[PDB]
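Single chain ahead, by itself, as structure tokens, in the form deposited in one PDB entry.
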């Protein structure tokens, strides 16, 4: 058992963190007050769920999590929500004034006034670990805090915890549910600064989650609550191997081993199936082959791109529920006979399989129906370079006119950092092109 600490930065990271930990409790049988009746050992243990939860003397199971935001409105909802008694009060850290959608405010000016308090609270949770393996960082790209402060936090974490792994869950901006015009700026600035301090980053495209809600869940105008419930279902499927017994991706190191062949190209694509509306409660159950075929359809991906336009460097299939392993073999053998699946010359053209035999949990109030079997595919493909291309184009349109740059320079940031960040993105695109 090796402990993992989750860090939730900004509004997106906090609200998505709230839905994830709610789902974690239902999967592990933890009540909103922290009580876990099926926990035989009271006051501690070495079980798989202890990687994410610590235990008090009174049998209370506390998430190994820190919530940080530069303004308190969002985090205050956690202090008065359903799971208010679940988190330590000292884990929930708020400022008074946010970054105003400005990377420089979150990183240079406003972020510096609370950075040291966040690390001291993180160190308090780290000292309670017998074998800390790394951190999970939740944040948006477009927010000033989610981008500026996150970059500042990841820098300090590389210094204080050099050997520890750092995994990201990042929210890729979408025009449908955006907040700021300068979100392409903040997205490029935090990607360049965090690139060397992050070992693996799972991008969540808000446009992809938005369309899945409209098309699969029949939700006319999705809100953050609809998107975050779906996102947490995917985040749970990615971290289930850390919280349960398993044979695939049992620790944060194996994530990089299985998904990251080279450091700079550490942006796996996630695909989840099936996504069925709760109104179709009596839906027919899909087979292993059916949900496996759905993982290669662009309409089920967490980032909008066409994997048929790119080559695969890794592919992991994580199943949950009534899944007979020999049915996966036959289902994979059918996929291997498809021109849409092309691996690079240097990678062993194989699929890694991990099966958790417990069906997925649905949150009461959610838009998802119960299913007997589901699958999450984590793959590293060069087709995700299209997502960086769309982001770089929006950056180039505004930066060529130097629009909004004065807001960043006015917060203690040299203008050359825009070009340095942009050139790094141009290099990242070439890294994908040189692979495939």
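Shifts are known only where both forms have a C-alpha. Rigid core: the largest C-alpha set superposing within 1.5 Å between the two forms. Positions refer to the first chain, counted from 1.
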| request: Taking the mean of the C-alpha B-factors per stretch from the entry, tell me the winner out of 164 to 172 and 284 to 292. | output: 284 to 292
| remark: As the entry reports it, the stretch among 390 to 398 and 28 to 36 with higher mean C-alpha B factor is 28 to 36
| said: Sorting 339, 197, 320, 304 by Cα temperature factor from the record, which one lands on top? | reply: 339
| said: For the CA B factor values reported in this entry, which option in 136, 247, 119, 180 has the top one? | reply: 247
| Third assignment of residue 370 from its chain's C-alpha B-factors | middle
| note | Chain thirds by Cα B factor, record data; residue 413 belongs to the highest
| Record-listed C-alpha B factor of residue 106: chain third | lowest
| note | Among the modelled residues of its chain, the C-alpha B-factor of residue 360 falls in the third labelled middle
| Where does residue 222 sit by CA temperature factor within its chain: lowest, middle or highest third? | middle
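Omitted here: the form deposited in another entry. The next part is about that form.
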| remark: Mover between the shown form and the other one (rigid core aligned, C-alpha >= 2 Å shift), picked from 116, 279, 345, 127, is 279
| task | Determine, after fitting the two forms on their core, whether residue 176 shows a C-alpha shift of 2 Å or more between the shown form and the other one. | result | no
| request: Please say whether, between the shown form and the other one, the C-alpha of residue 255 moves by 2 Å or more once the core is aligned. | output: yes
| said: With a threshold of 2 Å on the C-alpha, tell me if residue 298 counts as moved between the shown form and the other one once the core is superposed. | reply: no
| Comparison of CA distance in that other deposited form with shown form for residue 241, residue 252, at least 3 Å | closer
| Once you compare with this form, do the C-alpha atoms of residue 249 and residue 7 lie closer or farther in that other deposited form, given a change of 3 Å or more? | farther
| query | Listed by sequence position, which runs of three or more consecutive residues have C-alpha shifts of 2 Å or more between the shown form and the other one, the rigid core held fixed? | reply | 246 to 256, 278 to 281
